[PDB]
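**Q** Just dropping this structure here.
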Amino acid sequence: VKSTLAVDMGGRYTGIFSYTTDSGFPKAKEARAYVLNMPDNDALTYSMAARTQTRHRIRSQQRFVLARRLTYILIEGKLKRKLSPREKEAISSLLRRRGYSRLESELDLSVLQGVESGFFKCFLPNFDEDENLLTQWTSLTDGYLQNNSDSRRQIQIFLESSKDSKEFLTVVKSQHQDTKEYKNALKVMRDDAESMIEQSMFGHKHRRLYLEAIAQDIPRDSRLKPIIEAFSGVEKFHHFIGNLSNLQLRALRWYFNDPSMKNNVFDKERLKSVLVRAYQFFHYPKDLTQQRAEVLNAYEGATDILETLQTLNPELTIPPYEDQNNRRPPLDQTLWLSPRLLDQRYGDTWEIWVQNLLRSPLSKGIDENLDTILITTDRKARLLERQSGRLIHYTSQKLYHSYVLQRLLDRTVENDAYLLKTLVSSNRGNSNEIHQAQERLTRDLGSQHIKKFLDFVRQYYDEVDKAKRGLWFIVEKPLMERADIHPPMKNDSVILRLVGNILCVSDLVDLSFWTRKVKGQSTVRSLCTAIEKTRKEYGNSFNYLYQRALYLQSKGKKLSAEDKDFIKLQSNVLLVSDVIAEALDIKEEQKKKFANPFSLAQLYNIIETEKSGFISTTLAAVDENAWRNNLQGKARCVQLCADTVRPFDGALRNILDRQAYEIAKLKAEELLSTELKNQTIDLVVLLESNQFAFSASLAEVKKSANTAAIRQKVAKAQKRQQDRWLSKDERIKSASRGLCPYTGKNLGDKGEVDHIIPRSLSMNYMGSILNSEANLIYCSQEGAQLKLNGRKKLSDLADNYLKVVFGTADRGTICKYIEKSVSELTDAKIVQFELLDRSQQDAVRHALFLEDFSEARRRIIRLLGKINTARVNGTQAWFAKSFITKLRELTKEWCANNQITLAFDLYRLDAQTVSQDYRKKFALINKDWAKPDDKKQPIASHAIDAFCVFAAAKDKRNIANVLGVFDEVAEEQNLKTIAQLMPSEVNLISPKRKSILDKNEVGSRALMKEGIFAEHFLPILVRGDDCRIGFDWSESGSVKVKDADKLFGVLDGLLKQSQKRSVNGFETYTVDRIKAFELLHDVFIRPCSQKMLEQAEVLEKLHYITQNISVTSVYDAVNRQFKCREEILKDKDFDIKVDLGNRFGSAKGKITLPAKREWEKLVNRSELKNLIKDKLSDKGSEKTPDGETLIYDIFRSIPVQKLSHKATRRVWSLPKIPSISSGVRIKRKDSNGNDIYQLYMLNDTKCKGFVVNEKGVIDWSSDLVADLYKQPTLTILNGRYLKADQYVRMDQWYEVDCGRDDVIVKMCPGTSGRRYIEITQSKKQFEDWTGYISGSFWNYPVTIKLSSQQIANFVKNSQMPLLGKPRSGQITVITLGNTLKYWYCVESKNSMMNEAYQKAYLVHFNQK
RNA sequence: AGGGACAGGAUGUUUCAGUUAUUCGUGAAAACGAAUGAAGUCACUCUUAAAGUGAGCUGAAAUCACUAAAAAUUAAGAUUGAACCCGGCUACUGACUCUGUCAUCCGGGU
DNA sequence: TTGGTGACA
DNA sequence: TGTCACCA
Ligand SMILES: [Mg+2]
Ligand SMILES: [Mg+2]
Ligand SMILES: [Mg+2]
Ligand SMILES: [Mg+2]
């Protein structure tokens, strides 16, 4: 009947405490504890940044390919002959390295003319005393652009000497110049020369510079002369090439988006239509209107699109900035009472209700604006109906009735309503006023319709209660509906409807202050702009979030915002408001209630920022809300409900989706494990919590680059959060000034914190009366031994305590004083208990000791009790929606089969409340449930947090009634009861991405690592009978072959031949790369003859892999120190092992890669000869910081200046032999259609399992490649064909006999070279095998990393060769407890594990 | 500021090819320039003048596969998201033009 | 992190 | 066949 889920969201770790029970709170069993170890972005990718970067790399490559296709098509159409390879190469050279179109600016100057160089001398060394900075900067714009030594030195000194400003403070205080101008100059002046870095060295050039370069060097290219002659001029060909180079990927795509375009057909009309469509796509700047007109008149009016390209100027066709503002606009979240669902539920009856209620005089004036606001579509369903032109449900009359009905339902309790929300409530008591409401309702609406009307009204208010809680998705049968349509962006027509919400004006038709002026020219312009400048140019003081006033609503320090900013604002505020004071009066609300200097004013992001995106809701919703909140009319209805917007952080949405899926999956397994088969309504209530630690830990997982700064600011936020200590200024300070309030005295430094209204009496009240600050008290434990959970009156307090606190011991006098003092402070002031003065705060606290008939007693209790129902955050709302949807999806079959009904409810628990008020109590009771001070809470402590969330929700009244766990039992017995409920085991869930072996769209996974590896075959040198494999005849360059005849007999058909060119010279045989790769692919992809197998084997003997690595690799960037020759010239990077057997000529040895000579002459360069030492021990403490720049200067050189369109060189490299991992060759085609082979490395698993024969014998040696790699263009390096009639999967677990009964060992193949081992054993036995302590299992990490000594101890003490050792000591825990389950990947497989799993597999296989 | 998306830029890695220079100013050659579309330099092994090999340089091409005209394809998968194309202005949204066209929009499809 | 590959003995 | 290092 009752299913409960307590979840603590903490980012990486999400604790869970779940139970499904029939009678109240569960037994000791039926309760389960889980922690989700959510993998980081590397193990499970949530962010799309890498995917998007790969997509745009692909799109840039495709843009170039399609531009080259179109250029060849057009040049061959005009040429009327096929382009030769030389002409194609020249054209592609013209097309390569087209310039950029963004991130460039010329200059500006506003403040440099008004500063003195005599005071800038502290940062500028060479400018004279009386010089002006503007002229010097104008000279520098040319000096540094010419890379003049003096100008660059001056700017470098300007940047280097301005690191401190202590002297400049005295300078400005000695002459009293305006610091704002000099600060502006320094903040627009002290920028690094990006315009030089990414112009001269990095090769970034603007599109206009690219066009000028190609115009310069098209004549000089002799390959283009036939094409220039065909185009009848260099200028025309330049215009053609530049116009084609300006096309985006989408234009070329549109041209080539046709199956017949694979023939490269030149279509005149298609190209014209594409070019017209291409440049009509752009939103041009207002300045470029004439350029847009020129381009569109050229293309649209083109009688010959090729001649238009030849004549239209390329500089005009450079596309403007990508105005992607309309990409996926926001959807309005407003909830609307729907005539569609009202007609689905009921017939014409509901419109009859609306008409009957409209006939009543009390409905006078409710439909004033429905003649005008109904014209604007407000929902998605109405949009669909109007698009179809077949309005049925949303006919204007039905919509009028829906709006009127919603206004009647959303009527405020004071606005002449029928006391709805009271006739509906189950607590409706027989009263005269409820009659004076219901009789009016039945007089107006009628007598027959009233039952159905009130059922509808109850359903409506239940739905809006869910909606305002952020849980509108729980209803499962909505009667309102979301808008789901885009609102317009903030244009003037919309600001007309948004100005009134701030100025509190009843209505506004024209922007007369802007259209026609009132108080001269500056009625608004520059006058409110002074206020805007004050808002924006004070940096972090005024408009910045994380301010004290706005981040936590502490209202500044005390008042430090007023006397520093608003005193300056006051004059402008008066001047602006004098205009509206003539046209509007209000009850002083236009400037003292609605408009404020800060906080609720929000003028910064509504009125003072034009457009700036989309408005929140559609204009229909805005008009409805403005009418309901009638301002001058003192409101008429409650504002429209809205659904919770999805989280803006997409990676957060993915993380929450995965967490919700995992938790809903485990809850589905838990409910499906039950034997329920009746019509029972199973209510699933979820309890959730989180805090700033959630954001701090989700800065991780995402692995955000800002994680340093995010944690830097969240650490300050967390310090502020923890600063709320001593229960908000309590203990020995507030309630008592010392000693104890009940007898006691001589308290000392230690006491205890106790309540005034304990659990038993508090359970009769709602909300936070049980735990509020005004309820808690500090007392001696012996003093609190009496009246443990009973009412505490004034007389129970010690007389001396009242004499110290209030000055007299008379209870009557003190209660009269409390009644006097508490009445002076308003409700909203006493609720904010921290803002109170200590006398007032103690009066509020003591108000609880008064009897029930007291006014202060009842007022304080009915304030602190019904304080709030904590709304879920947007992130929490998203997680809740995802979990509820996925659980209700995964259990649909089970609920259908067993006729179960999953009712859902949800409540939030404050993280600070549970951690401070239940976690510490459970630390008292157990001492293993205490919160550590490790600066990061451990894994099982999140399951502890979830259990404490359940415990806290037990004491919340409404939750307890809806949870089935309501009881008035005292604290002691309750804490001794719920402590019995916490299980001794914690299951750890570590979500994983789908293995590429199991996912059908393998393209969603990165198949190959970026970076291509060079593939080489060792040359074969023959000089008579003397045959060597290698490069030279030196013993270090080649190895000898005992019998060359066998090697050549094998490789007859695969060797090229270089003849002697002399009589005593040798012959060089090189493997033909094309035939070698074809043969290796054939032996990988199909069964081949033994000749081909031998040929592939010998080819792989001759095969070696190299890859160029930058010459800067001789420098260690982290240590800022050069590496030694022992590290640079390590033999592992240069030696090739030759192991030709007796079958293949018996050549055995090692060959040094001849790139080692290049590396040697690199480390022996005269500039680097002394900076690089010879041995590791010789590399002492000396460090050189500018080594990388030195190497760049080594290899950078100036060219002959042949071509303006030449690529710059930035990386110089030499080959080395790298460490490889699952090499794969990819067969592709060059631009001429010739097959090219390039070697990559697999990014993921290579083998799908192991082959098992018809007798169940697992082949542990043969690698069974996955089927996605068995393509006609893919060749797995060293791969052989293998047929698997049946095979064992890598994820196939079987328990291993292992010859023991105290342990349970399971293993699976897991990985080709390493098995996975899962061990279930006692925690004490694990701590005996390993030198691992970690205290209790509640402090254990999910990822245990044994030290090398601990690894050796585990291996030795296990006495189990079939366990191996964990790889790098990493152990992943699956369950925590007295019995421990964990799994690990073995460091290396051994035959005992293989034999044991073979026996386990045979046990199942022979069973069949 | 977060996220997503568009537009890409530039350098890399690999494959292929060329290259290990030739003519003129002027011819002493001091003396290096120019041009040949660009590049044209070093190292080792060979033993006769040519070479083999490796590197550098220059140019282009390729730079996940199925897979190819375009698209999707480097996220996730229990589900989805995003992208792109086609049709439409009956209509939510954006741009503009003399306001009806075009879209990032809507509806479908992959 | 992890699936692979080399060298060593 | 295990062992130890290394790669992105
Ligand atoms: Mg892609
Ligand atoms: Mg390769
Ligand atoms: Mg390279
Ligand atoms: Mg279209």
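Cβ coordinates were reconstructed from backbone atoms using ideal geometry, including for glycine residues, and neighbour counts include every protein chain displayed. Coordinate-derived values only; no laboratory data.
**Q** Show me the ranking of peptides A:894-906, A:52-64 by mean Cβ neighbours inside 10 Å, starting with the highest.
**A** Ranked by mean Cβ neighbours within 10 Å, highest first: A:894-906, A:52-64.
**Q** Over every pair of different alpha-carbon atoms in segment A:1291-1407, take the mean of 1/r and invert it; report that Kirkwood radius in Å.
**A** 14.4
**Q** Can you tell me the orientation of helix A:940-955 relative to chain A, as the angle in degrees between its alpha-carbon axis and the longest Cα principal axis, to the nearest 10?
**A** 20
**Q** Taking the Cα centre of segment A:1278-1333 as origin, sum charge times position over the Cβ atoms of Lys and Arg (+1) and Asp and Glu (-1), and report the length of that vector in debye to the nearest 20.
**A** 380
**Q** For segment A:797-814, take each phi angle, set θ = phi - 60°, evaluate the Karplus expression 6.51 cos²θ - 1.76 cosθ + 1.60, and give the result in whole Hz per residue in order, putting x for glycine and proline.
**A** 5, 5, 4, 5, 4, 5, 5, 5, 7, 9, x, 8, 8, 6, 5, x, 4, 5
**Q** Quick check: the angle from helix A:650-672's long axis to the longest principal axis of chain A, C-alpha only, nearest 10 degrees?
**A** 70
**Q** Report, to two decimal places, the Cα Rg of segment A:889-1027 normalised by 2.2 N^0.38 Å (N = number of residues).
**A** Here the answer is 2.01, to two decimals.
**Q** Go through A:880-886, A:592-598 and give me the packing order, highest mean Cβ count within 10 Å leading.
**A** Packing order, densest peptide first, comes out as A:880-886, A:592-598.
**Q** Take the Cα radius of gyration of chain A and divide it by 2.2 N^0.38 Å, with N its residue count; two decimals is plenty.
**A** 1.16
**Q** Follow-up. Dipole magnitude of chain A about its Cα centre, charges +1 at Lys/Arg Cβ and -1 at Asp/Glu Cβ only, in debye to the nearest 20?
**A** 1840
**Q** On to the next question. Relative contact order of chain A: what whole-number percent is it, with Cα pairs under 8 angstrom and at least 6 residues apart?
**A** It comes to 11 percent, rounded to a whole number.
**Q** Relative contact order, percent, of segment A:223-320 when contacts are C-alpha pairs under 8 Å separated by at least 6 residues?
**A** Over segment A:223-320, the number comes to 41 percent.
**Q** Quick check on the exposure proxy: order A:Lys1408, A:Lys1248 from fewest to most C-beta atoms within 10 angstrom.
**A** Ascending number of Cβ neighbours within 10 Å: A:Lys1408, A:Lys1248.
**Q** How large is the helix-only mean residue ellipticity at 222 nm for chain A, computed as the sum of -39500 (n - 2.57) over DSSP H runs with n ≥ 4, divided by its residue count, in deg cm²/dmol to the nearest 500?
**A** -11500 deg cm²/dmol
**Q** Still on this structure, I have one more. On each of the three principal axes of the Cα atoms of segment A:1192-1257, give max minus min coordinate, whole Å, ordered largest first.
**A** Principal extents (Cα only, largest first): 74, 33, 16 Å.
**Q** List the relative contact order of segment A:747-864 as a percent without decimals, with contacts defined as Cα pairs under 8 Å and 6+ residues apart.
**A** Normalised by residue count, the contact order of segment A:747-864 is 26 percent.
**Q** Counting other Cβ atoms within 10 Å, which GluC sites (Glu not before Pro) in segment A:265-339 have at most 14 and lie in a DSSP loop?
**A** A:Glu322
**Q** Arrange the peptides A:1287-1300, A:990-1003 so that the one whose residues have, on average, the most other Cβ atoms within 10 Å appears first.
**A** Top to bottom by mean Cβ count within 10 Å: A:1287-1300, A:990-1003.
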